[PDB]
Every structure is written in structure tokens, then in C-alpha cells.
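Shown next, in C-alpha cells, is the structure this report addresses.
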Amino acid sequence: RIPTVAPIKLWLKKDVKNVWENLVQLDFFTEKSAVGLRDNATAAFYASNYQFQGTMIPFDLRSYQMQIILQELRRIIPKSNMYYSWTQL
Amino acid sequence: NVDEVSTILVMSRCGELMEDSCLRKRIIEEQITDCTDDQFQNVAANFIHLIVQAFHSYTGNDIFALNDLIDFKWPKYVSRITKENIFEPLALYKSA
Amino acid sequence: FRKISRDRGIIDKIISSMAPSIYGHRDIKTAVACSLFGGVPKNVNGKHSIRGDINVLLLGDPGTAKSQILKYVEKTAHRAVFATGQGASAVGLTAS
Amino acid sequence: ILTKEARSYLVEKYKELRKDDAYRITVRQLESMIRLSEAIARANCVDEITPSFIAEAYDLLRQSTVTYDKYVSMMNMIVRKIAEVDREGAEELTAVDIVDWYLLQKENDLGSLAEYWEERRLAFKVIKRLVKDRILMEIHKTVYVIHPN
Amino acid sequence: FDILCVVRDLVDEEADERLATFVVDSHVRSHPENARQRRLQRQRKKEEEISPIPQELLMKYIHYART
Amino acid sequence: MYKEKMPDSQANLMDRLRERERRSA
Ligand SMILES: Nc1ncnc2c1ncn2[C@@H]1O[C@H](COP(=O)(O)OP(=O)(O)O)[C@@H](O)[C@H]1O
């Protein structure tokens with residue numbers, strides 16, 4: 001949607017990896033079946049020993065889910081943001 | 001915030017690379033007689049502002065992530081400094 | 001005619017001349033070239049008959065000049081009749 | 001009639017469009033670009049089909065506060081203007097230098113002396129929007145350079 | 001049918017560049033621009049640009065071969 | 001094309017649009 005030339009960078013898939021890691025740390029994403037914190041140490045003992053599927057599948061195929069719905073994004077994201085128009089479908 | 005991260009590394013990492021071995025070898029090689037430590041800070045400071053603006057969308061609003069790119073790229077950034085890169089960071093940016 | 005006839009390798013001259021304003025499609029232009037000249041309608045010993053003309057079917061994606069060639073065979077063959085699929089009726093083709 | 005350079009620009013643009021389909025564009029769309037350029041020049045006096053007309057036909061066939069188009073119009077003008085001094089090697093441009101250039105590219109579109117200050121004020125605001133989007137990297141003059149993206 | 005000509009509109013930069021540069025020149029020539037003789041010379045001149053055989057002869061040549 | 005490269009006019013650009021405005025009527 002831009003006039004052409006009469007004679008915005010797409011970041012590489014590698015550089016996005018650091019960007020992807022930040023979103024999992026800040027709890028915007030979460031794993032598909034993330035049980036989370038256990039209640040007791042004995043229960044956590046099993047968790048620290050067991051190896052789930054997500055710890056072995058590749059970094060680019062770990063299924064996540066979202067804590068914020070696009071409606072809440074559109075309620076919070078400033079309208080001055082360029083991607084505001086992409087908040088909806 | 002983005003503004004604070006820029007200022008934090010300016011206050012923290014300025015003195016770190018003003019006294020590294022790599023530059024003070026190159027300064028003698030380039031025979032920069034007019035160099036001063038006040039210039040030395042701003043020369044290193046320009047590197048932080050550029051790398052932040054270059055990689056803020058990459059690293060994020062993170063201090064830990066930025067503190068390593070300021071290390072790896074620094075010797076290579078040091079190499080491109082010549083007699084013509086002392087006063088104009090724009091040309092130094094062009095070389096690097 | 002015989003001056004051109006004695007030219008070495010005349011076949012590729014005719015094929016290259018089949019609708020020259022269409023790029024490529026040489027294995028299709030040869031079918032057009034072969035159908036325009038036709039074969040021998042051999043009425044074998046009278047009691048048996050075989051058709052002589054070459055039938056060609058052009059099939060492919062839109063934007064491949066499958067129709068404009070048929071707008072060229074009309075202008076090149078001695079006698080040509082053009083028709084369109086839905087615009088033609090069974091009675092209108094065979095006899096009325 | 002199609003100009004000689006228009007042929008090269010047209011084949012380049014057709015290659016660019018055909019790249020994206022790895023609907024789907026056929027050579028009918030190449031003829032359509034030729035025909036749309038013919039129509040646009042038909043809405044003008046000059047028979048020379050400059051690459052500019054093919055650019056408009058390409059954009060129209062491909063596309064299938066401040067208003068969106070008015071702001072985006074400022075984008076290509078300033079993006080390529082800065083890329084000029086990259087090839088030229090001339091001095092880089094400040095915000096004011098860019099704004100002075102822009103208004104003189106549309107002297108005729110201006111209507112009133114009051115609008116002289118209105119669009120000038122809008123240009124600086126667009127600069128902030130562009131820098132905020134990080135298409136220009138600010139260095140120190142307040143030097144604006146093509147951001148490393 | 002005797003000959004079936006399957007056509008694929010596959011995508012390739014080298015194939016596209018050759019085909020497009022041919023078509024863009026085709027619209028250059030098919031576009032308009034003893035006067036009878038002078039202009040008839042021009043038409044067969046453009047036939048020589050693109051065809052090894054003059055088209056009028058080829059029509060007759062096909063007719064002669066068929067007969 | 002990029003013909004308007006160096007029309008380095010003075011503050012008369014305000015007077016430039018007076019001609020655009022005052023004569024249009
Ligand atoms: N190989 C080709 N060389 C030159 N022009 C072509 C070629 N293929 C298609 N075209 C152009 O595309 C158009 C195709 O028209 P048409 O024959 O109706 O397509 P279809 O194959 O769907 O019948 C023509 O106008 C022609 O100019």
C-alpha cells in the first residue's frame with residue numbers, strides 16, 4: 001500500500017528468535033498445557049525429573065497460547081501505533 | 001522504558017570501554033594526538049546510542065541483551081576507526 | 001518456390017514462421033505447422049480410407065495464447081471456419 | 001507508444017509481480033499494465049509512456065491527524081530523496097532541510113499562504129511518525145539517515 | 001486428436017524475462033507507426049525482422065504443397 | 001521527474017502563493 005519508484009524491513013527469521021524469547025519471559029505467551037507451579041515439594045519433585053514434550057521439540061514448533069485477547073489489545077494499544085489498524089482481523 | 005535503558009548503559013558502560021586495550025593500541029597506530037578522554041567517552045557513547053537504535057526492536061527493552069552486542073561488535077567497530085573517523089561519527093558509521 | 005525448397009533445413013524455417021509474434025511454444029507451433037500442411041488422405045485401394053489432416057488440441061492455463069493461435073490459423077489457411085463453444089449448436093455445426 | 005526504457009521497467013515489474021505467486025497473475029496482466037498505461041497517457045497529452053505511468057498501473061493492479069495516502073505520499077518522496085545523497089555523497093539533511101525540499105516538490109498543489117504553514121507543520125509531525133516507526137535513524141546537526149532496516 | 005499441447009504457466013524469472021521482452025516489443029511493432037509501394041516495403045521489412053519467410057509466400061507455399 | 005531539485009527561494013514563497021490565491025478569482 002505504498003506508491004512505487006520512478007527511475008520497511010522484514011526482519012530475518014534468525015533475528016526474531018530473541019524477540020520471540022522476550023514474549024515468553026514476560027508471560028504474554030504460555031505453553032499449550034503449562035501446568036505451572038506445583039503446590040508441594042514432593043509433587044514438584046516429579047516435575048523436576050519428568051521431561052515433557054516441549055523440552056524436546058524444536059524451538060520453532062512449541063505450541064503456545066495467549067493471555068491477552070485482540071479486543072484487549074485494541075482497548076489498550078495507542079491509536080498512534082501503526083499496527084493499530086491490524087489489531088482486528 | 002526505552003529512554004532509561006539508553007541512559008543506563010551510557011552511565012554504566014562508558015568508563016568500561018574508554019580504557020580497553022584495543023582502542024589505545026589503535027589510537028597510537030592512528031597517532032591521534034588531539035584525542036581526549038572527554039572525546040573518548042562520547043566516541044564510545046555514540047556506539048551505544050547507535051546499537052540501541054539499531055537493535056532495540058531486536059533485543060527489546062533489555063539491559064542484559066545489549067551489554068553483549070556492545071562487547072562483540074566493539075573490536076570490529078574499533079578496527080574501522082581511522083584518522084578520518086575521529087571527528088565525524090557519520091563517516092565512521094558509514095565505514096562500519 | 002524451388003529456390004526456397006533447396007535451402008538446407010527448411011523445416012525449421014516454416015516452424016519459426018508460424019505466428020512469429022508469439023514467443024516460445026515451439027512444440028506447439030510445430031503442431032500448427034504440421035496441421036496446416038496436413039498429410040496424405042490415403043484412400044487405400046479405394047475400399048479403405050484414412051483421414052489425412054492433423055487434429056490438434058490446445059490445453060493449458062489462461063494467459064497462454066491458446067485462442068489467438070486459432071485467430072491466426074483462420075488468417076493463414078486457405079479455408080477456415082471459426083466457432084466458439086457455447087455460441088455454437090449441434091444443428092448449426094453439422095447441417096440444418 | 002511504449003518507450004524503450006519503459007520496456008525494461010515493464011519486464012522488471014512483471015517479474016516482480018510474477019514472483020509473488022509462488023489469484024495468480026498471467027501475461028494478460030502484462031498486457032493490462034500496457035493498456036492501463038495507454039489509458040493514463042490517453043488522459044494526458046504526451047504519447048511517450050514514461051516509467052511513471054507504468055508505476056501507477058503497477059500500483060493499481062497490485063493493490064487488489066493526517067489521511068493515509070497524504071502521509072504515505074510524503075514517504076516515497078523523502079525515502080528516495082535521502083537515498084540520493086547516499087549515491088551523490090553530498091551532505092546529509094536535517095529535518096528543516098528535508099521539509100524545505102518537500103514543499104517545493106508541490107509548489108503548484110499549494111493553494112493559500114495559510115496552507116504554507118499548515119503543510120509545513122504537518123511535515124515535521126510526519127518526521128516524528130517516521131522516526132517513531134524507525135525508518136530514519138537520528139545521529140549527530142540533527143542528522144537523519146536511513147535507519148539500518 | 002493427434003497432437004495434444006499441454007501448457008503450464010509455471011513461474012521463473014529467466015523464462016519471464018525472455019517472454020516479456022518479446023511481448024513488449026510485439027506491441028511496439030503492431031502499433032501504428034508510390035506510397036503503396038513504400039508502405040508495402042515497410043510491412044515486409046517488419047516481416048523480415050521476425051520471420052524468415054514472407055507471409056504471403058508461405059500462404060501460397062502451403063497451398064502449393066497441399067495441391 | 002525529480003526536476004524540482006534546487007528552487008532555493010527566499011521567504012518570497014509566501015508571496016508565491018499570493019499569486020496563486022489573489023489572482024485565482
Ligand atoms: N507465448 C505467448 N507469447 C506472446 N503473447 C502471449 C503468449 N501467451 C499469451 N499471450 C498473450 O495473452 C493473450 C492470451 O489470449 P487467449 O489466447 O485468449 O488466452 P487463452 O490461452 O486463455 O485462450 C493474448 O492476447 C496474447 O497476446
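Lettering and numbering for the C-alpha cells are positional, with chains as A, B, ... in the shown order, residues counted from 1 in each chain, and ligands counted from 1 in the shown order.
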| message | Taking only C-alpha atoms and all ligand atoms into account, which residues have an atom no farther than 10 Å from ligand 1? I'd like them as a PyMOL selection string. | response | (chain C and resi 19-26+58-71) or (chain D and resi 26-32) or (chain E and resi 7+9+19-24+26-27)
| message | Residues of chain D within 8 Å of chain B, counting only C-alpha atoms, what are they? List them as a PyMOL selection string. | response | chain D and resi 137+139-140+147-148
| task | Can you check which residues of chain C DSSP gives as strand (DSSP E or B) on the backbone and send them as number ranges by chain? | result | C: 56-60
Written file, previous selection with N, CA, C and O atoms, as a CSV table (one decimal), in the first residue's frame:
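Saved as selection06.csv:
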chain,number,residue,atom,x,y,z
C,56,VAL,N,-5.4,-31.1,-33.7
C,56,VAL,CA,-4.6,-30.6,-32.6
C,56,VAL,C,-5.6,-30.1,-31.5
C,56,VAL,O,-6.6,-29.5,-31.8
C,57,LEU,N,-5.2,-30.4,-30.3
C,57,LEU,CA,-5.9,-29.9,-29.1
C,57,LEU,C,-4.9,-29.1,-28.3
C,57,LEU,O,-3.9,-29.6,-27.9
C,58,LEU,N,-5.3,-27.8,-28.0
C,58,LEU,CA,-4.5,-26.9,-27.1
C,58,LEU,C,-5.2,-26.8,-25.8
C,58,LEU,O,-6.3,-26.5,-25.7
C,59,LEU,N,-4.4,-27.2,-24.7
C,59,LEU,CA,-4.9,-27.2,-23.4
C,59,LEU,C,-3.9,-26.6,-22.4
C,59,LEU,O,-2.7,-26.8,-22.6
C,60,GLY,N,-4.3,-25.8,-21.5
C,60,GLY,CA,-3.4,-25.2,-20.6
C,60,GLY,C,-4.1,-24.1,-19.8
C,60,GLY,O,-5.3,-23.8,-20.0
| field | One-decimal distance in Å that lies between CA of residue 78 (chain A) and CA of residue 22 (chain A) | value | 21.0 Å
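Using only C-alpha atoms, we find that the part of chain B lying within 8 Å of chain A comprises residues 57, 58, 59 and 60 of chain B.
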Output C-alpha atoms for every residue in the selection just made, as a compact mmCIF listing (two decimals), in the first residue's frame.
# COMPACT_ATOMS: atom_id res chain seq x y z
CA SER B 57 13.49 -3.87 18.19
CA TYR B 58 15.79 -6.93 18.22
CA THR B 59 16.86 -7.19 21.87
CA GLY B 60 13.92 -5.32 23.40
Pick out the residues sitting within 12 Å of region 43-56 of chain A, and hand them over as a CSV table (one decimal) with N, CA and C atoms, in the first residue's frame; count only C-alpha atoms, and ignore anything fewer than 5 positions along from it in its own chain.
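That gives us selection10.csv:
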chain,number,residue,atom,x,y,z
A,30,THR,N,2.2,-18.6,26.7
A,30,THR,CA,2.3,-19.7,27.6
A,30,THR,C,2.2,-21.0,26.9
A,31,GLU,N,2.8,-22.0,27.4
A,31,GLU,CA,2.8,-23.3,26.7
A,31,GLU,C,1.4,-23.9,26.6
A,32,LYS,N,1.2,-24.8,25.7
A,32,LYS,CA,-0.1,-25.4,25.4
A,32,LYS,C,-0.8,-26.0,26.6
A,33,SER,N,0.0,-26.8,27.4
A,33,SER,CA,-0.5,-27.4,28.6
A,33,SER,C,0.3,-27.1,29.8
A,34,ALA,N,0.7,-25.8,30.0
A,34,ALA,CA,1.5,-25.4,31.1
A,34,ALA,C,0.9,-25.5,32.4
A,35,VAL,N,1.2,-26.6,33.2
A,35,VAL,CA,0.6,-26.8,34.5
A,35,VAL,C,1.0,-25.6,35.4
A,36,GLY,N,2.3,-25.2,35.3
A,36,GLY,CA,2.8,-24.1,36.2
A,36,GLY,C,3.3,-24.6,37.5
A,37,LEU,N,3.2,-23.7,38.5
A,37,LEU,CA,3.8,-24.0,39.8
A,37,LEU,C,3.0,-25.1,40.5
A,38,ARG,N,3.7,-26.1,41.1
A,38,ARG,CA,3.1,-27.1,41.9
A,38,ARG,C,2.8,-26.6,43.3
A,61,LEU,N,8.6,-24.9,16.9
A,61,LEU,CA,7.3,-25.7,16.8
A,61,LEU,C,6.7,-25.9,18.2
A,62,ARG,N,7.1,-25.2,19.2
A,62,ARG,CA,6.5,-25.3,20.5
A,62,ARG,C,5.2,-24.5,20.5
A,63,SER,N,4.1,-25.2,20.8
A,63,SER,CA,2.8,-24.6,20.7
A,63,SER,C,2.6,-23.7,22.0
A,64,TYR,N,2.1,-22.5,21.7
A,64,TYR,CA,1.8,-21.5,22.8
A,64,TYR,C,0.3,-21.1,22.7
| Contacts of residue 40 (chain E) at 12 Å (only C-alpha atoms; same-chain gap of 6+ positions) as a ChimeraX atom specification | /E:34,46-47,54,56
Restricting it to N, CA and C atoms, dump the selection as an mmCIF file, in the first residue's frame.
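Result saved to result.cif:
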data_model
loop_
_atom_site.group_PDB
_atom_site.id
_atom_site.type_symbol
_atom_site.label_atom_id
_atom_site.label_comp_id
_atom_site.auth_asym_id
_atom_site.auth_seq_id
_atom_site.Cartn_x
_atom_site.Cartn_y
_atom_site.Cartn_z
ATOM 1 N N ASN E 34 3.816 6.779 -55.122
ATOM 2 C CA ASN E 34 4.089 5.364 -54.901
ATOM 3 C C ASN E 34 4.053 5.024 -53.413
ATOM 4 N N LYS E 46 9.258 -5.494 -41.677
ATOM 5 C CA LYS E 46 8.984 -5.982 -40.330
ATOM 6 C C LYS E 46 8.749 -7.486 -40.326
ATOM 7 N N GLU E 47 8.264 -8.037 -41.442
ATOM 8 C CA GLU E 47 8.202 -9.490 -41.570
ATOM 9 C C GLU E 47 9.596 -10.097 -41.521
ATOM 10 N N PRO E 54 8.557 -14.519 -46.004
ATOM 11 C CA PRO E 54 7.437 -13.587 -46.178
ATOM 12 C C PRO E 54 6.114 -14.329 -46.075
ATOM 13 N N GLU E 56 3.037 -13.796 -47.267
ATOM 14 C CA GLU E 56 2.233 -14.026 -48.463
ATOM 15 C C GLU E 56 2.698 -15.269 -49.210
#
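Between CA of residue 54 (chain D) and CA of residue 6 (chain A) the separation is 9.0 Å.
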Distance filter 10 Å, only C-alpha atoms, chain A against chain D, as a PDB file with N, CA and C atoms, in the first residue's frame:
ATOM      1  N   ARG A   1       0.817  -1.212   0.000  1.00  0.00           N
ATOM      2  CA  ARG A   1       0.000   0.000   0.000  1.00  0.00           C
ATOM      3  C   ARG A   1       0.849   1.260   0.000  1.00  0.00           C
ATOM      4  N   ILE A   2       1.814   1.348  -0.910  1.00  0.00           N
ATOM      5  CA  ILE A   2       2.741   2.473  -0.980  1.00  0.00           C
ATOM      6  C   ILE A   2       2.999   2.791  -2.449  1.00  0.00           C
ATOM      7  N   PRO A   3       3.063   4.066  -2.836  1.00  0.00           N
ATOM      8  CA  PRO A   3       3.461   4.396  -4.209  1.00  0.00           C
ATOM      9  C   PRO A   3       4.865   3.894  -4.516  1.00  0.00           C
ATOM     10  N   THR A   4       5.081   3.523  -5.773  1.00  0.00           N
ATOM     11  CA  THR A   4       6.329   2.902  -6.194  1.00  0.00           C
ATOM     12  C   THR A   4       7.313   3.969  -6.679  1.00  0.00           C
ATOM     13  N   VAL A   5       8.416   3.539  -7.284  1.00  0.00           N
ATOM     14  CA  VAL A   5       9.536   4.408  -7.611  1.00  0.00           C
ATOM     15  C   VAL A   5       9.581   4.632  -9.116  1.00  0.00           C
ATOM     16  N   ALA A   6       9.871   5.874  -9.504  1.00  0.00           N
ATOM     17  CA  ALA A   6      10.082   6.205 -10.903  1.00  0.00           C
ATOM     18  C   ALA A   6      11.562   6.462 -11.128  1.00  0.00           C
ATOM     19  N   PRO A   7      12.304   5.537 -11.757  1.00  0.00           N
ATOM     20  CA  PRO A   7      13.742   5.675 -12.011  1.00  0.00           C
ATOM     21  C   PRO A   7      14.091   6.924 -12.814  1.00  0.00           C
ATOM     22  N   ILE A   8      10.163  -0.760   4.423  1.00  0.00           N
ATOM     23  CA  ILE A   8      10.149  -1.281   5.785  1.00  0.00           C
ATOM     24  C   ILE A   8      10.680  -2.709   5.799  1.00  0.00           C
ATOM     25  N   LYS A   9      11.737  -2.929   6.576  1.00  0.00           N
ATOM     26  CA  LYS A   9      12.467  -4.189   6.518  1.00  0.00           C
ATOM     27  C   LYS A   9      11.679  -5.322   7.163  1.00  0.00           C
ATOM     28  N   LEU A  10      11.638  -6.460   6.478  1.00  0.00           N
ATOM     29  CA  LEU A  10      11.178  -7.706   7.076  1.00  0.00           C
ATOM     30  C   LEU A  10      12.357  -8.367   7.779  1.00  0.00           C
ATOM     31  N   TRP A  11      12.305  -8.432   9.107  1.00  0.00           N
ATOM     32  CA  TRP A  11      13.417  -8.990   9.864  1.00  0.00           C
ATOM     33  C   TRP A  11      13.595 -10.469   9.551  1.00  0.00           C
ATOM     34  N   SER A  80      -2.081   5.859  18.052  1.00  0.00           N
ATOM     35  CA  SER A  80      -0.935   6.363  17.309  1.00  0.00           C
ATOM     36  C   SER A  80      -0.042   5.247  16.785  1.00  0.00           C
ATOM     37  N   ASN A  81      -0.212   4.022  17.275  1.00  0.00           N
ATOM     38  CA  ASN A  81       0.580   2.894  16.805  1.00  0.00           C
ATOM     39  C   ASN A  81       0.211   2.543  15.370  1.00  0.00           C
ATOM     40  N   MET A  82       1.232   2.268  14.555  1.00  0.00           N
ATOM     41  CA  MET A  82       0.994   1.964  13.147  1.00  0.00           C
ATOM     42  C   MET A  82       0.273   0.635  12.969  1.00  0.00           C
TER      43      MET A  82
END
| request: Output as a list in words all residues of region 19-54 of chain C that backbone DSSP marks as helix (DSSP H, G or I). | output: residues 26, 27, 28, 29, 30, 31, 32, 33, 34, 35, 36 and 37 of chain C
Could you produce a table of the residues of chain E lying within 7 Å of chain C, with the nearest pair of atoms per residue and their separation in Å rounded to one decimal, using only C-alpha atoms, ordered by chain and increasing residue number, as a tab-separated table?
residue	atom	partner	partner_atom	distance
E:1	CA	C:55	CA	4.9
E:2	CA	C:55	CA	5.2
E:3	CA	C:56	CA	4.9
E:4	CA	C:57	CA	4.9
E:5	CA	C:58	CA	5.0
E:6	CA	C:59	CA	5.1
E:7	CA	C:60	CA	4.3
E:8	CA	C:60	CA	6.0
E:9	CA	C:61	CA	6.2
E:19	CA	C:23	CA	6.0
E:22	CA	C:23	CA	6.3
E:26	CA	C:21	CA	6.2
E:50	CA	C:20	CA	6.0
E:51	CA	C:17	CA	5.2
E:52	CA	C:13	CA	6.2
E:53	CA	C:17	CA	6.4
E:59	CA	C:76	CA	6.0
E:62	CA	C:37	CA	6.0
E:66	CA	C:37	CA	6.3
Sort by chain and increasing residue number a table of all residues of chain F within 8 Å of chain D, each with its closest pair of atoms and their distance in Å to one decimal, counting only C-alpha atoms, and write it as a Markdown table.
| residue | atom | partner | partner_atom | distance |
| --- | --- | --- | --- | --- |
| F:4 | CA | D:105 | CA | 5.8 |
| F:5 | CA | D:101 | CA | 7.6 |
| F:7 | CA | D:104 | CA | 7.0 |
| F:14 | CA | D:113 | CA | 5.5 |
| F:15 | CA | D:113 | CA | 7.5 |
| F:17 | CA | D:113 | CA | 5.3 |
| F:18 | CA | D:113 | CA | 6.3 |
| F:20 | CA | D:111 | CA | 6.3 |
| F:21 | CA | D:112 | CA | 5.7 |
